[PDB]
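A short write-up of the structure that comes next.
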Amino acid sequence: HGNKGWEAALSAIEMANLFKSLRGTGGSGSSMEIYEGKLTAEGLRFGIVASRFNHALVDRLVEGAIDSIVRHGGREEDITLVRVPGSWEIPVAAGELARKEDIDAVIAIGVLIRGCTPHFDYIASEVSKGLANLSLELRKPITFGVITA
Amino acid sequence: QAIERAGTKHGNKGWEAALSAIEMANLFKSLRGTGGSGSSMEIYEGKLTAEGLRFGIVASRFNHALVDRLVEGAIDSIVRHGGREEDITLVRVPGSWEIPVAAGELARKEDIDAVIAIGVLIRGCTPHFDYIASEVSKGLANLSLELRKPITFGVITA
Amino acid sequence: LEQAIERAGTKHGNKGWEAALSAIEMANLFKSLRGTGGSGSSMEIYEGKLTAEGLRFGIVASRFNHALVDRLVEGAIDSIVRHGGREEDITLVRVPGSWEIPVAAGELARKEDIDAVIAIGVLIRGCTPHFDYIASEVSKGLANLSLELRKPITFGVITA
Amino acid sequence: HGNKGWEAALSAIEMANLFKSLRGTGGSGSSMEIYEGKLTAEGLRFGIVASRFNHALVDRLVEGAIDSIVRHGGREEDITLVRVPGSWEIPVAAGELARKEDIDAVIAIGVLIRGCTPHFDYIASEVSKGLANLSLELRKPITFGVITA
Amino acid sequence: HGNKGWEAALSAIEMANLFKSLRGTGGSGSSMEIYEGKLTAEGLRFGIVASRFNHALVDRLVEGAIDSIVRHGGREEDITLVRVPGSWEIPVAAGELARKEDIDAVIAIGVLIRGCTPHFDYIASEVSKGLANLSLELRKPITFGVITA
Amino acid sequence: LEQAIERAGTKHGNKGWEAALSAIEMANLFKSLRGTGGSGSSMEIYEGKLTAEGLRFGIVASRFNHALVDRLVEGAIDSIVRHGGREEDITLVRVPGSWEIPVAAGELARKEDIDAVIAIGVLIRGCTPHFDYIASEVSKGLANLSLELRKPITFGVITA
Amino acid sequence: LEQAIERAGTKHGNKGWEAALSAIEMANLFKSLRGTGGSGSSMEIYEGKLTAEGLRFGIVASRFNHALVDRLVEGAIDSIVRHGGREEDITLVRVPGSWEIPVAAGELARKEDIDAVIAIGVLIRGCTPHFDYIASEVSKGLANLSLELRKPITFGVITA
Amino acid sequence: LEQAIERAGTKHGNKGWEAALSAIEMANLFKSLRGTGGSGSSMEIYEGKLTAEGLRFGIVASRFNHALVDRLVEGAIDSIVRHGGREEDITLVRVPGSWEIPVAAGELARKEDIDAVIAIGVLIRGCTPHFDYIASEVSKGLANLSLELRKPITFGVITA
C-alpha cells in the first residue's frame, strides 16, 4: 500500500485502460470530451522486469506489484516475470516483452546506488532514458518503479 | 611469464561483465521459444551454461596494464562455464572513444549472441562532467535497443 | 497467492548458494588431479570448472529452525540446476539436529555414486565468547571424514 | 515432554529408522530422492548409559528417556540400562554397548559442573569428544543428552 | 477430515511409502522385521480419476482428496486430475494413469446409485472388479474412494 | 500390572492359530510333492508334517479395529514358535485397510525367501443378506495370486 | 489452495450450460433456414447442429448476487469452448441489475458480428403468488427484441 | 510402567546408605579388637574393613510416613548387598512409631546371631527451638542398649 511497487502497478493498470478508451470513436458532441482510465485489471496481461542486484529490497517491490494486480481484479495467470542480472540491462529485456502482442503494459522494478553524485551518474541516466524512448516508439505504457538507495 | 598466469582474476569487472552476457544470451533464447501452456505465473531466468554460444569482446588499448587483466578475466569466465575458446572474437581499438562504433560492427553479425565492452577511463583530479565517458554509455545503450541484442558494460575509472 | 509470494523470492546469495559452488568446483578439480599429467615444459596449474553436468551430489540438512534452513536448501538446489545439473542426481537427507550431521554425512560419502557432499544447518547461540562443544564437534567430524575418505565435503552452516 | 531426556530419546528413534532406510537400494529415478526417519520405536533395541553424580537431576532425565521410548510404541523389554560412577567414564561404557549387534542406538545421559569456566574445562571436553569419535568409527547413532548445571 | 475423499488420500500416501521400503534390501537379522508406511507425502506424484455423474457430491470428495495431500506435505504441482463422464469408464482411465512411470499412486472417486438392489447390480460390480485386477497386474496401489448414494 | 494381565492371556484357538497351522502344513506338503517320487508297488499318500524349522513366513495384517487384530497376529506368531519356528524368520507387513491386503500380499509372495503367506484382517458389517464388494474382491485377489505364483496363501479373516 | 478448490468444481449442468447450447443450436438453425432449399420429393426437416466453430456470441449478466451469477457465466463459457468455440469470439457485458438487461442486450444484438445473445441473471423473491413488475418487463423486453431483429436471444435467469 | 520408574531411581546417598556402612565397619572392627593382639614394636592401629560377607544384620524401621522410610530401608539393603552381603542374612522388623524403636531393637540385639543393628525412622516436627521428649528418649534408649550389650547400634533417623 505504501511501497513504490504498489504505486507502479496502479499506474500501469490505469494507463492500460485509458489507451483502450482512446482508440474508440469520438462522441457526438454537445460537451467537452473527458478521457480517463478505471482501476479494474480484469482481462489485462502484464509483464514485470526486475533486477537481482541488492535483492533484499526488490523482493518487497515485486511483492507489492503482484499483490496490487491481484487485489484489483487481476488474474495471476496473466503475469509474466523476467529477471535480469543488473539495472543496466532492464531496457533491453523490457523491449522484448513490449513487442509481444499479448502484453498490455510493462512494469520495470530496480534499485540504483546512492544519489550523492558529484554532478551526474552514467548508469542511472541510461535506464530512464531507454525506457522513455521505448514507450514512445512502441506506443505502449511502460511504468518506472525504480528507486534510489 | 608464469608469474603473470599465477595471479587470480576471479571477480574483476571482466568476470562480472562476461557472466551477465552468458545469462542474457540464454534468457533471450528462451523468450523467442514457444510460450508455456499456462495455468500459473510464468517466470524466466537465464541459465549459466555457456556451451554453444558465440561471444565478441571489444577492448581499448589505453592503460595496457589494467585492460589485460580485465580481458583475461572475461575469457576465463566463458571457459570455466563451459564455453570453447574457438567461439570468441576479440577486437582491439586505440581508445575508449571508438568502442561504440566497433561494437556496432560486431553486433550486426548473425554469428554473435552477445558483445562485451571493456575499457578504462581517465579521471581528472577534480569532478567535472566528462564529455567522452557519457558518449560511450549513450552509444552502447542505443545499439542494444536498436539491434535487439544484449551488450554488457565493463568499464572502470582509473 | 502465498505460493507466488514465496516463489517470487530469489535465492542467489545465501550460504546455500556458495556451498554448492565450492562442491561443484572441488568435484571437477579432483577429476583432473587424478587424471593424466601434463606435457611439462612449463608450470602446471590446476583449477576446477563450474560445469555440473553428470555429477552426483548429496545434501544433509538439520531440522532446527526450518524456516531459515528451508531457504538455504533451496539455494543449494538452484545453484546446481542453474549450472547444468539435473535434479535427478541430488540426494537429500534430513536429521533432527546439528549433533547428527557428521554421522549422516559419513553414510552418504561412502557410496560410490556421490562425488561431493554439502552440509547445511543452523547453530545455537554462537554469539558468546565461550567454547561451544556441539559447534566444535560438528566442525571436527566433517573435517576428519573428508580427509579419511578423500572426498570433498562443504561446510555451509550459519549462526543465529 | 520438556526435559532433555525426552528430546534425546526422540533423536535416537529417528536416527535408527533413518539408517534402516539408507541401506535400502536406491529408487528408479525420475525425481529427487528424499530420506527421513519416522517416529515409531516398534522393534528397536536401545541402550542407556547414565552417571550417578548429582543424582537428583539425572533420575528425571532417565525418567523421560524411558517414558518417551514406551510412549512412541517401544517395548520396555528392549531397554538396557547401564550406570557408571561419573561422567568421565561414560564413553568407555557406551563403547561396550555400541559394539553389541543387538543394539540399534545408544543414549548418554549426564550432568556437568557449572559452565562459568575461565576459558576451558578439561573433563567436559573429553566426554563430547569421545562420544562423537565413537559414533563415526562404529557407524551407529549415539545421542548426547548431557546438560550443564 | 470426515469424508471418504480424505480417507482415500491417506491410504494412497501410506501405501506409496510402504512400497518404497519393501524394495529395499532386508535387514541383517536378530529380530522380526516389521514394515510400515509413514504419512508424509513429500516428493510423491498422485493421480485422481473422478466421475461427473451426481456432481453435487463428488466435488466435496475431490475437495477432500486434494486438501489431504497438501496438508500432509504434498506439493499441489504433482496432482494430475482426470474427469470422465460416468462410473462405467473409471477403470479404463485409471489404467492409462497407472502405466505412467511418473505416478506413484492413483485415487478413484465416484458415486453409485442406491444399493437397495434385488440381489445384484451389474455396473457397480465391474468398477470394483476392474480396479482390483488392475492394481495386481501393474503392481501399484490404487485406492477405492467410491461411495453408494 | 497391565503388562501381566495381557501377557497372562492365552491365544491358542483364535483364527490366527489355525491360519498359521495351515501354512505350516501346506509349506511342508509342497516340498514333498516336487521332490522325488516313491517306489510304487502301492497307493502313494502325501501329507504335510507340522515341523516349522527352517521355514520362512510372511504376515499381512490390516489396521482396522487393532484391538482384535493385534490378538490374531499374536496367535499366529505363537503357533509358529511353538512348533519349532524361529521368530527371526517372520516378516510382518501392516496395511491401512482390507482393500489393500491382496496387493501387499502379492509383493511378499514374489520373494524367493518366503515359503507361505498368512493374511489376517477384520471385515466390515458382513452380517447382512447382501453382496459386499470389498469382501468379494479381497477373497478373489488372494485366490488368484496363489494359483498364479504356485505358493500357498492362507485366509484368516473374520467378520464383526 | 483456494484457486484449485474453485477450479476443481464442475459447471456442466447449471442454467448457464443449457442457455449456451440453445444459442448454439438456434444460431446454426438460422443459417440453414435462410440458405438454399432442398430437392423436395420428401418431407423436409430442419434442425441445428451443435458445432460452435466460427460463431460469435455475446453475454449480458447482471451483478446482483455475484457469487451465483459468476458460476452461471463460467458455465456458459465452458459450453461454448467445449463444443469447438473460441474464447476470442465472446463478448461479455455487465450491468447493475436485472432491470437493465433488455436495454444492454438490444445494443449487442444490433451489431452485425454477433449471431446470438445469452442473458443471465438472478431475480428477486419470485416465490410469492403475486405479479412482479420487474420480472415481467425483463421477459417482455427480450421477447420483443428477438422478434424485431430476427436474431435468437436465450433466457437463462433463475429465481432465489 | 511405574515399576521401572521406581526401579530406575538410585539410592546411593540417603541416610540409609551411610547407616549401613557404619554398621559394616563397626562389626568388622569388633572382631579384630577381641582377637589376638599384635607383635608390638610399633604403634598399633585398628580399623574396620568394608567387606560384608558372612555378617548378619537386623533393621528396625518405623511406619510413619512410609513413603520416605521405604526409600531409606531400600538404601540400607543396597549398601549391604553391594559390599558382598547376602540378602539371606538380613532381618527386618516394622514398628508402629518412633516411640517403639528402642524396645524392638533391644529384642534383636540380644540374639547371638546378629552382629549389628540399624535403626531407621522419621521424627515429627523437630524444627523448633524446644526440647522434644520423644526424640530425646529414642536417642537415649539406643545409646544405653549399645553400651549394655556391647554390640554396635547405628542411628539413621531424620527430621521432617
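As shown in the C-alpha cells, the chain order sets the letters A, B, ...; within each chain, residues go from 1, and ligands are also counted from 1 in the order they appear.
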Using only C-alpha atoms, find which residues of chain G lie within 12 Å of chain A and jot them down as a VMD selection string.
chain G and resid 3 88 91 to 92
Extract the full set of helix (DSSP H, G or I) residues from chain G according to DSSP on the backbone, and format it as number ranges by chain.
G: 2-7, 15-33, 66-82, 87-89, 98-109, 133-149
Could those residues be written to a file, using C-alpha atoms, as a compact mmCIF listing (two decimals), in the first residue's frame?
# COMPACT_ATOMS: atom_id res chain seq x y z
CA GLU G 2 -8.43 -21.90 -2.82
CA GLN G 3 -7.65 -21.43 -6.52
CA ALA G 4 -7.72 -25.21 -7.03
CA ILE G 5 -10.74 -25.61 -4.75
CA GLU G 6 -12.76 -23.35 -7.04
CA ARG G 7 -11.09 -24.66 -10.21
CA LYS G 15 -28.61 -22.97 -16.30
CA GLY G 16 -25.66 -21.26 -17.95
CA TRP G 17 -24.82 -24.54 -19.68
CA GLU G 18 -28.27 -25.12 -21.18
CA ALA G 19 -28.65 -21.48 -22.22
CA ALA G 20 -25.43 -21.71 -24.23
CA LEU G 21 -26.50 -24.90 -26.02
CA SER G 22 -29.80 -23.37 -27.12
CA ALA G 23 -27.93 -20.39 -28.57
CA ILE G 24 -25.54 -22.71 -30.41
CA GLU G 25 -28.40 -24.77 -31.81
CA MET G 26 -30.53 -21.79 -32.86
CA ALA G 27 -27.60 -19.93 -34.44
CA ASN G 28 -26.82 -22.91 -36.66
CA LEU G 29 -30.50 -23.48 -37.41
CA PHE G 30 -30.95 -20.00 -38.86
CA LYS G 31 -28.06 -20.43 -41.29
CA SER G 32 -29.81 -23.44 -42.82
CA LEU G 33 -33.26 -21.83 -42.93
CA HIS G 66 -22.38 -12.17 -7.96
CA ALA G 67 -21.50 -15.37 -6.09
CA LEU G 68 -24.11 -17.33 -8.02
CA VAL G 69 -24.06 -15.31 -11.24
CA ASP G 70 -20.31 -15.80 -11.64
CA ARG G 71 -20.83 -19.56 -11.70
CA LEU G 72 -23.57 -19.31 -14.34
CA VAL G 73 -21.32 -17.22 -16.58
CA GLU G 74 -18.47 -19.72 -16.26
CA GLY G 75 -20.89 -22.48 -17.21
CA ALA G 76 -21.88 -20.65 -20.39
CA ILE G 77 -18.27 -20.08 -21.44
CA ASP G 78 -17.38 -23.73 -20.81
CA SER G 79 -20.23 -24.96 -23.00
CA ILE G 80 -19.12 -22.82 -25.95
CA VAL G 81 -15.45 -23.77 -25.63
CA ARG G 82 -16.08 -27.49 -25.20
CA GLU G 87 -12.89 -17.67 -26.39
CA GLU G 88 -11.75 -14.89 -28.75
CA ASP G 89 -15.31 -14.69 -30.13
CA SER G 98 -31.98 -7.07 -13.80
CA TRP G 99 -33.92 -4.00 -14.96
CA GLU G 100 -31.04 -3.05 -17.28
CA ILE G 101 -30.67 -6.39 -19.10
CA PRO G 102 -33.05 -5.75 -22.06
CA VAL G 103 -31.55 -2.37 -22.99
CA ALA G 104 -27.98 -3.68 -22.93
CA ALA G 105 -28.96 -6.80 -24.88
CA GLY G 106 -30.53 -4.57 -27.51
CA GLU G 107 -27.20 -2.84 -28.11
CA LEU G 108 -25.31 -6.09 -28.65
CA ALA G 109 -27.92 -7.71 -30.91
CA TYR G 133 -43.30 -5.98 -12.41
CA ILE G 134 -39.52 -6.23 -12.83
CA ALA G 135 -39.73 -9.91 -13.75
CA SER G 136 -42.48 -9.30 -16.29
CA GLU G 137 -40.68 -6.43 -18.00
CA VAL G 138 -37.39 -8.28 -18.43
CA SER G 139 -39.14 -11.25 -20.03
CA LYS G 140 -41.21 -8.95 -22.24
CA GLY G 141 -38.23 -6.93 -23.43
CA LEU G 142 -36.11 -9.88 -24.50
CA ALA G 143 -39.02 -11.48 -26.35
CA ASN G 144 -39.78 -8.30 -28.30
CA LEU G 145 -36.15 -7.69 -29.27
CA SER G 146 -35.73 -11.19 -30.69
CA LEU G 147 -38.80 -10.91 -32.92
CA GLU G 148 -37.96 -7.39 -34.10
CA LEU G 149 -34.32 -8.04 -35.03
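For the pair atom CA of residue 103 of chain B and atom CA of residue 100 of chain A, the separation is 27.2 Å.
The interatomic distance for the pair atom CA of residue 61 of chain E and atom CA of residue 95 of chain E works out to 20.8 Å.
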Fewer than 3 positions away in the same chain doesn't count, so skip those; otherwise give me all residues within 10 Å of residue 13 of chain E, counting only C-alpha atoms, as an mmCIF file with N, CA, C and O atoms, in the first residue's frame.
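Below you can see selection.cif, which holds the result:
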data_model
loop_
_atom_site.group_PDB
_atom_site.id
_atom_site.type_symbol
_atom_site.label_atom_id
_atom_site.label_comp_id
_atom_site.auth_asym_id
_atom_site.auth_seq_id
_atom_site.Cartn_x
_atom_site.Cartn_y
_atom_site.Cartn_z
ATOM 1 N N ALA E 8 -9.436 -41.749 1.495
ATOM 2 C CA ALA E 8 -8.815 -42.376 0.334
ATOM 3 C C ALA E 8 -7.424 -41.813 0.084
ATOM 4 O O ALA E 8 -6.506 -42.550 -0.292
ATOM 5 N N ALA E 9 -7.250 -40.506 0.275
ATOM 6 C CA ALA E 9 -5.942 -39.900 0.062
ATOM 7 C C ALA E 9 -4.916 -40.436 1.051
ATOM 8 O O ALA E 9 -3.776 -40.728 0.674
ATOM 9 N N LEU E 10 -5.298 -40.574 2.322
ATOM 10 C CA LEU E 10 -4.358 -41.067 3.324
ATOM 11 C C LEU E 10 -3.886 -42.473 2.986
ATOM 12 O O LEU E 10 -2.698 -42.788 3.110
ATOM 13 N N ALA E 16 2.015 -45.852 -0.820
ATOM 14 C CA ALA E 16 3.134 -45.447 -1.663
ATOM 15 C C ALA E 16 4.448 -45.517 -0.896
ATOM 16 O O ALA E 16 5.468 -45.966 -1.431
ATOM 17 N N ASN E 17 4.447 -45.062 0.358
ATOM 18 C CA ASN E 17 5.652 -45.159 1.174
ATOM 19 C C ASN E 17 5.996 -46.611 1.479
ATOM 20 O O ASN E 17 7.169 -46.994 1.453
ATOM 21 N N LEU E 18 4.988 -47.432 1.777
ATOM 22 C CA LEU E 18 5.256 -48.822 2.126
ATOM 23 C C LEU E 18 5.962 -49.542 0.989
ATOM 24 O O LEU E 18 6.924 -50.281 1.216
ATOM 25 N N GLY E 37 4.282 -47.937 6.504
ATOM 26 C CA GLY E 37 4.396 -46.710 5.728
ATOM 27 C C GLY E 37 4.115 -45.495 6.593
ATOM 28 O O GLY E 37 3.259 -45.538 7.480
ATOM 29 N N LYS E 38 4.841 -44.416 6.327
ATOM 30 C CA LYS E 38 4.647 -43.158 7.030
ATOM 31 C C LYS E 38 3.713 -42.250 6.237
ATOM 32 O O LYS E 38 3.420 -42.483 5.064
ATOM 33 N N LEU E 39 3.244 -41.193 6.898
ATOM 34 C CA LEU E 39 2.203 -40.317 6.364
ATOM 35 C C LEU E 39 2.756 -38.989 5.869
ATOM 36 O O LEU E 39 2.134 -37.943 6.070
ATOM 37 N N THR E 40 3.919 -38.989 5.227
ATOM 38 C CA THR E 40 4.494 -37.788 4.630
ATOM 39 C C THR E 40 4.459 -37.934 3.117
ATOM 40 O O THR E 40 5.007 -38.896 2.570
ATOM 41 N N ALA E 41 3.827 -36.974 2.446
ATOM 42 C CA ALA E 41 3.610 -37.034 1.008
ATOM 43 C C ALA E 41 4.685 -36.318 0.206
ATOM 44 O O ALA E 41 4.568 -36.241 -1.021
ATOM 45 N N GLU E 42 5.719 -35.795 0.855
ATOM 46 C CA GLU E 42 6.725 -35.015 0.149
ATOM 47 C C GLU E 42 7.412 -35.861 -0.915
ATOM 48 O O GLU E 42 7.865 -36.975 -0.645
ATOM 49 N N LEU E 44 6.112 -37.146 -3.743
ATOM 50 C CA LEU E 44 5.293 -38.183 -4.352
ATOM 51 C C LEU E 44 4.348 -37.574 -5.378
ATOM 52 O O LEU E 44 3.845 -36.462 -5.191
ATOM 53 N N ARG E 45 4.109 -38.309 -6.459
ATOM 54 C CA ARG E 45 3.203 -37.897 -7.523
ATOM 55 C C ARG E 45 1.929 -38.723 -7.449
ATOM 56 O O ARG E 45 1.986 -39.945 -7.279
ATOM 57 N N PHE E 46 0.786 -38.058 -7.582
ATOM 58 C CA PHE E 46 -0.518 -38.687 -7.451
ATOM 59 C C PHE E 46 -1.374 -38.404 -8.675
ATOM 60 O O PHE E 46 -1.177 -37.409 -9.378
ATOM 61 N N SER E 68 -6.229 -33.167 1.592
ATOM 62 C CA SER E 68 -5.442 -34.082 2.411
ATOM 63 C C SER E 68 -4.008 -34.181 1.910
ATOM 64 O O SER E 68 -3.064 -34.200 2.707
ATOM 65 N N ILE E 69 -3.826 -34.253 0.593
ATOM 66 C CA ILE E 69 -2.490 -34.425 0.034
ATOM 67 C C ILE E 69 -1.619 -33.224 0.374
ATOM 68 O O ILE E 69 -0.444 -33.370 0.733
ATOM 69 N N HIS E 72 -0.672 -32.857 4.257
ATOM 70 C CA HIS E 72 0.336 -33.800 4.711
ATOM 71 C C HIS E 72 1.660 -33.639 3.973
ATOM 72 O O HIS E 72 2.388 -34.621 3.795
ATOM 73 N N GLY E 74 2.257 -32.641 0.769
ATOM 74 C CA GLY E 74 2.302 -32.842 -0.663
ATOM 75 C C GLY E 74 2.287 -31.531 -1.423
ATOM 76 O O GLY E 74 1.688 -30.542 -1.004
ATOM 77 N N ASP E 104 2.988 -42.428 -8.654
ATOM 78 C CA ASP E 104 3.217 -43.361 -7.559
ATOM 79 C C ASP E 104 1.942 -44.042 -7.089
ATOM 80 O O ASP E 104 1.992 -45.204 -6.671
ATOM 81 N N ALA E 105 0.808 -43.353 -7.144
ATOM 82 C CA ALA E 105 -0.453 -43.927 -6.704
ATOM 83 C C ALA E 105 -1.587 -43.261 -7.465
ATOM 84 O O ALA E 105 -1.430 -42.179 -8.033
ATOM 85 N N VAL E 106 -2.737 -43.926 -7.470
ATOM 86 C CA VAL E 106 -3.925 -43.452 -8.165
ATOM 87 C C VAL E 106 -5.105 -43.531 -7.210
ATOM 88 O O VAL E 106 -5.250 -44.509 -6.471
ATOM 89 N N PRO E 141 -0.307 -49.261 -6.103
ATOM 90 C CA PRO E 141 -1.518 -49.107 -5.285
ATOM 91 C C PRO E 141 -2.561 -48.244 -5.978
ATOM 92 O O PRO E 141 -2.250 -47.190 -6.534
ATOM 93 N N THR E 143 -6.475 -46.796 -4.935
ATOM 94 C CA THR E 143 -7.396 -46.657 -3.818
ATOM 95 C C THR E 143 -8.822 -46.476 -4.325
ATOM 96 O O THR E 143 -9.054 -45.896 -5.388
#
